[PDB]
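Chain A is the first sequence line, chain B the second, and so forth, proteins listed ahead of strands; every chain is numbered from 1. Atoms considered below: every heavy atom in the structure, side chains included; atoms not considered: hydrogens, waters and symmetry mates.
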Amino acid sequence: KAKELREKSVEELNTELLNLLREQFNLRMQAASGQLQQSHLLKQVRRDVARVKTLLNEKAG
Amino acid sequence: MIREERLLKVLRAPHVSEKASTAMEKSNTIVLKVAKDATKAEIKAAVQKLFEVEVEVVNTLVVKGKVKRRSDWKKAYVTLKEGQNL
Amino acid sequence: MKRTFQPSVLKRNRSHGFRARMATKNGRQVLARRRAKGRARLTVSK
Amino acid sequence: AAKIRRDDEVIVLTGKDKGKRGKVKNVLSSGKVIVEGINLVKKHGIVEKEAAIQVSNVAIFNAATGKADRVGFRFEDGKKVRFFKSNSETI
Amino acid sequence: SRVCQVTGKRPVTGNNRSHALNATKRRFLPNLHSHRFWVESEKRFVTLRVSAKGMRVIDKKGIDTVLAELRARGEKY
RNA sequence: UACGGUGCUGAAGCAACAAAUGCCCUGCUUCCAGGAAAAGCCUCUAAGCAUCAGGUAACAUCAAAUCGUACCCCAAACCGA
RNA sequence: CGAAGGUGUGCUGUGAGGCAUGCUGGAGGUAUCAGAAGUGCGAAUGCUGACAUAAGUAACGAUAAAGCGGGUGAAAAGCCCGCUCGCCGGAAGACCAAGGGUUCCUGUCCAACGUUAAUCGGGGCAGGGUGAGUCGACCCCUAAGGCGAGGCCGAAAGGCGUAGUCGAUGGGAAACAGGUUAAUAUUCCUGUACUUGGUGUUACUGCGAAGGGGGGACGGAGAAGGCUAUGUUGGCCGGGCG
RNA sequence: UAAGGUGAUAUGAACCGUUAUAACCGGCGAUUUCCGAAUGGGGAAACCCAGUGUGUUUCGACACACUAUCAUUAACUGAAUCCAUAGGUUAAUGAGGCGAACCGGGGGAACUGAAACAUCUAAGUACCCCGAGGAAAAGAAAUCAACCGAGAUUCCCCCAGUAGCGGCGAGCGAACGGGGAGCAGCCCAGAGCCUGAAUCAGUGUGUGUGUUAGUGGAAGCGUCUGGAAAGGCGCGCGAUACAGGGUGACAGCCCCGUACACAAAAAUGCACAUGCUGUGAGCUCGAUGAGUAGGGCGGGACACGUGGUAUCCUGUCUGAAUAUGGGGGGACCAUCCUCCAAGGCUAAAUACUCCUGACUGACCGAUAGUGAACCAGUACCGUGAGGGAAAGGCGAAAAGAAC
């Protein structure tokens, strides 16, 4: 999953990061409200934010 | 300006209780769990943006942790102007 | 009758608190002793 | 580095089920296996599950020599392959 | 402290011995005095805390070389 | 009406006298034992600034964060096992 | 196909002891000859744990005080509700600070806890509850005091202390009445307010210190007067006619 | 390196992976909240309050960095005061704190023993403080010896409980000399000649060895008792492996291994080989450490308590010769023997264990062994320093008991 992130540019890595954070917020709000049975999305999105800003850190020098 | 990320971080969950309901149907105010370090301003901005509703004022209180292991959390009384939220 | 322990949080922290221990080398040795023994509560500071 | 896997038709060496044959349904991390229909715990009324058994207690079934066998590890085509020891036949 | 800037003499400890040889832990102090020395090269008076043997060393060597020694070991005067 | 309680409507709503240890009063009078401090505050200028900056007034707008707020508290919640 | 251990019984030796095998137990134990001992308990006002005794004895914590009816429950002297009766009333009422820390409120429960029973509880368990520009803290400022750049000292560690910096128990800006929850209210809501900055805009202008001068800013006692909280009585209004 | 996973709890739930990018383990990274040397100022630790820049801004604001003190070095400007200094300011570079023992220093007891006690002993011990390093210290003769000689320190066995010292009491207690372990010596106080001239560290490599993942491993069945075999019994087989641990009782052959053979992207250590970098050789003539040696006084250290007291040290006061010179050779003097102080540096043998891995015990087996086998420095107690527990075991499998 990190590969296709690698060929992506810093500019679009930020857009994806924002998209992931909005998804994290949405999933948090479903999960708190009682729906969202697919409870693993939470871990998936945290992990995806992690790799996105790992890549985004290593691009910056 | 408070940037996008902090807003995405400050709202934890909607607090649901008899008080929270009656608050919604009488004072047109919604009660939320927020990040323990969130501010009146941050909660206000976050609600206005992420919920696309208009807010009059925010009142916050930190609920002390009950013996068990409950962590201290902050409860927010968000008073909407006229938009129906949820 | 009046007993010996009349609590006061301010006085407690000023007399035995963490920064009072750190003020003098003898207090820092109290702290070193208590770490060496592995005290869960290192001082009165709560 | 296992010598007993899931899809594996295996025979029991000890414990009321000597000689019975079955398939390894599950492999528990504690060095026990769930084998098809050997260690049936019958309690009350109706059918119940198979309790675990030590992997030490089952042996891979050669099914050609018709007898239990020991397993070994070699490197055919630069790849760890399991082989029946009493036959040298890759599994 | 009671240290000579020049020689480094300090207070040392020793016994005080009575006629019956009763021993009492005591101290011997350097004969320190704070005295202003004319430094010809610098055209200023430098004040040093020296023992009397310190002044004698100044007299042999001269204040310039002694001040050099103090700078060398970093004593501030 | 859940027998807990809830809603709805609502008349008069004044005067006299007596009043604190409370207020005026940090006053007043007396006394000897002769009764904090600094800031806010108000005014004056100095170096400077100079058709500027500041000040002052009006008026509009906005900001006032963060934390404590339950409960006991002459006591079965504190100090005394 | 029954190890040690435990509990019996028989036999044996001068003893310390040994041997056998019933039962329990359920997995170890060791003839022999050597070797090494944390090698043997009844006492030390021994040490630790168990369990006795007195003995179902004393006691059950202010001599303010209880009695019925109904409810609920398996069960009510103690819980709830009602009616009486007693007790406090400058307190045993209310409100805080300090301290405590969730004891708060609600629903369940009754093991332990509660000197009795408990259906009850500050008990267990689960869910809730603490909303502030004006109240407090923080914050500006200082006292006693603490710490203290340099500094002056002192075998070292350190001591004292100047500029300073902290430190309330003190001085610095401002919200009140009604209504509300099961539990929060000067915080929510309703009405009516007030304070301090910033930012503009307009008018008019001397503005500007770590400095100066005022102010803050002050004792004890006593004696008035003028008041108000507050009460009492009349009137008024609503009800009453025993 | 894998067919299984998502630490335990732990069921579950949601999933993920199956030659390969599930998991897992190693190397190397990135992130790393607040407190705490805590360092931007404060503070009652984990909090409060900033300033200064640089951006952004939706004008409400927001982000990110920096900012402690000291020492040193440089720049700048710079009082009395004229130059000057003192100061100030700004950078850069270090340091700070913690950690078990060991080690070197600066301080320094008492109980006790002497059958009392004061000399003495305990004892330079406990403790305190400061500083370093993987060791530290010491170390290259102003050393012993004895008329022969040896040859730097450290450590061990002797010497020897000897000689001595000692209210000649209690006690304390050497050397010389020998056996060993280990074992290289150097440099400045200075210039010439020579001139990187071998050189000891720094780094970049290259190679060989470790180390931090791992890989393969060799062989057994029938029958009997039993709940189960690993036991018995019969007949085998491997073995450079019959170390161990499991597996339902007691397994060389069932499993994990074991002996043995291997492995490393990468990152490290350790040898060498180099390249280079500060550095210096050799040579010849010099020079040869002064408030010092010694003395007077008061102490301390030497086994040596001042004794007939050598020797060393220094608080105090003095004060040489200087290589035709001086020190020592147990008062002292002569003699003839030996060495060169008043400047340094230095490996090894030696000490120690917070830690890590392996392996072993006529070591313990839950009142034992750590205080603690168990979520223990915990509950608990104290105002605080500090004190300080009790507590293991169902079964082969929860099959943990539906009704």
Side-chain angles (χ1 to χ4, degrees), chain A residues 1-3 37-40 43 50 53-54 57-58, chain B residues 1-3 17-19 22-23 26-27 29 39-41 59-64 66-67 75-77, chain C residues 1-10 12-20 22-23 25 30 32-34 36-40 43-45, chain D residues 1-3 5-6 13-16 27 29 31 39 41-45 48 51-59 70 72-75 79-80 85, chain E residues 1-2 9-17 20-22 25-31 42-44 52-53 56-57 59-61 74:
Chain A
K1 180 67 174 66
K3 277 74 69 177
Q37 296 294 321
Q38 296 293 321
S39 66
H40 61 245
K43 197 166 91 183
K53 64 178 73 175
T54 297
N57 199 299
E58 70 173 77
Chain B
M1 183 177 177
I2 298 169
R3 68 185 185 273
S17 85
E18 173 235 47
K19 175 149 229 227
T22 300
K26 295 334 190 73
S27 178
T29 187
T39 296
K40 298 291 180 68
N59 290 319
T60 62
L61 76 106
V62 4
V63 192
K64 245 50 96 238
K66 207 146 331 184
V67 39
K75 190 199 280 193
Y77 284 119
Chain C
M1 318 163 57
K2 190 198 199 173
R3 291 312 173 190
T4 58
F5 182 58
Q6 318 285 327
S8 181
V9 172
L10 173 63
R12 186 169 191 61
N13 296 353
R14 263 169 200 191
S15 310
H16 319 287
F18 177 93
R19 284 161 74 51
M22 294 299 291
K25 65 91 176 179
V30 162
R33 263 193 325 260
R34 284 177 83 81
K37 185 176 180 180
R39 298 281 217 180
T43 60
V44 299
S45 296
Chain D
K3 293 188 286 185
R5 274 113 208 257
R6 230 118 95 248
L13 295 174
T14 64
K16 276 75 70 176
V27 162
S29 66
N39 189 358
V41 59
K42 300 289 94 175
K43 187 183 287 185
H44 271 176
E48 293 179 353
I53 190 167
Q54 306 278 144
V55 293
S56 178
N57 287 0
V58 310
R70 277 188 333 256
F73 264 109
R74 54 153 157 259
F75 277 86
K79 205 245 324 190
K80 320 233 0 97
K85 279 193 150 197
Chain E
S1 3
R2 294 198 183 96
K9 295 182 163 263
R10 319 193 56 110
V12 299
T13 70
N15 276 315
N16 191 301
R17 285 289 190 170
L21 282 72
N22 293 120
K25 251 319 181 173
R26 71 159 279 192
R27 270 145 65 81
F28 300 83
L29 278 296
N31 189 359
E42 277 176 59
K43 298 293 183 182
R44 43 186 298 270
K53 185 179 288 293
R56 305 185 83 231
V57 176
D59 290 349
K60 291 177 71 68
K61 292 181 181 179

Any N or O donor-acceptor pair linking the side chain of [X] to the base of [N] at under 3.5 Å?
{"X": "C:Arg39", "N": "H:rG386", "result": "yes"}
{"X": "C:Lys37", "N": "H:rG388", "result": "yes"}
{"X": "B:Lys26", "N": "G:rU180", "result": "no"}
{"X": "E:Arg56", "N": "H:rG319", "result": "yes"}
{"X": "B:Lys19", "N": "G:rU184", "result": "yes"}
{"X": "A:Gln38", "N": "H:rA13", "result": "no"}

Report task. Answer yes or no for C:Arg3 and C:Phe5: cation-pi contact, defined as NZ/CZ to six-membered ring centre under 6.0 Å and angle to ring axis within 45°. Result ->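 So C:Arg3 doesn't make the cation-pi contact.
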**Report entry** North or south sugar at F:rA39 (positive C1'-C2'-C3'-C4' torsion counts as north)
**Finding:**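 A north sugar, the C1'-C2'-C3'-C4' torsion of F:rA39 being greater than zero.
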Which whole number of Å gives the distance between the [atom1] atom of [N] and that of [M]?
{"N": "H:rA265", "M": "H:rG133", "atom1": "P", "value": "36 Å"}
{"N": "H:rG232", "M": "H:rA251", "atom1": "P", "value": "10 Å"}
{"N": "H:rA50", "M": "H:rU39", "atom1": "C1'", "value": "15 Å"}
{"N": "F:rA65", "M": "H:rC62", "atom1": "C1'", "value": "15 Å"}
{"N": "H:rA351", "M": "H:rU207", "atom1": "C1'", "value": "38 Å"}
{"N": "H:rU316", "M": "H:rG149", "atom1": "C1'", "value": "45 Å"}
{"N": "G:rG121", "M": "G:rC109", "atom1": "P", "value": "12 Å"}
{"N": "H:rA358", "M": "H:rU378", "atom1": "P", "value": "31 Å"}

Interface polar pairs with nucleotides 94-102 of chain H, N/O, under 3.5 angstrom:
none

Query raised in the report: Of the two grooves, which one holds a base N or O atom under 5.0 Å from the side chain of B:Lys66?
Result: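 Look at the major groove; that is where B:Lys66 is.
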Report task. Would you please enumerate the stems RNA chain F participates in, each stem being three or more consecutive Watson-Crick or G-U wobble pairs with both distances under 3.5 Å? Result ->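 If one scans RNA chain F for consecutive Watson-Crick or G-U pairs, the stems found are F:14-18 with G:230-234, F:22-24 with G:225-227, F:28-31 with G:219-222, F:41-44 with G:211-214, F:56-58 with G:201-203, F:60-64 with G:195-199.
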Complement of [N], any strand, by Watson-Crick or G-U distances under 3.5 angstrom:
{"N": "H:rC64", "answer": "H:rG53"}
{"N": "H:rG234", "answer": "H:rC221"}
{"N": "G:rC19", "answer": "G:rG10"}
{"N": "H:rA91", "answer": "H:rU73"}
{"N": "H:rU311", "answer": "H:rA301"}
{"N": "H:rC120", "answer": "H:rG113"}

Requested in this report: Assign each of C:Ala20 and E:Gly74 to its nearest nucleotide of RNA chain H by heavy atoms, then name whichever residue's nucleotide is nearer the 5' end.
Outcome: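 Between the two, 5'-proximity favours C:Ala20.
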Query raised in the report: Which nucleotide sits closest to the side chain of B:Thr29: H:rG319, G:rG131, H:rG5?
Result: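 In terms of side-chain proximity for B:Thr29, the closest of H:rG319, G:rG131, H:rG5 is G:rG131.
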Query - Interface limits on RNA chain F, where chain C has a heavy atom under 4.0 Å of a nucleotide atom - result: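 Terminal contacting nucleotides, 5' to 3': F:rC79 to F:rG80.
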Check: protein-nucleotides 236-243 of chain H nitrogen or oxygen pairs below 3.5 Å:
none

Query raised in the report: Base, backbone or nothing for each nucleotide of nucleotides 251-256 of chain H, written B, S, -, heavy atoms under 4.0 angstrom, 5' to 3'?
Result: --SBSS
So which protein N/O to nucleotides 57-63 of chain H N/O distances come out below 3.5 Å?
| unit_1 | atom_1 | unit_2 | atom_2 | d |
| --- | --- | --- | --- | --- |
| H:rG60 | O6 | B:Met1 | N | 3.4 |
| H:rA61 | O2' | B:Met1 | N | 3.2 |
| H:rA61 | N3 | B:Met1 | N | 2.9 |
| H:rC62 | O4' | B:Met1 | O | 3.1 |
| H:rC62 | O2' | B:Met1 | O | 3.3 |

Query raised in the report: Under 5.5 Å between ring centres and under 30° between planes: does that hold for C:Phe18 against the base of H:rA45?
Result: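 Given the distance and angle limits, yes, they stack.
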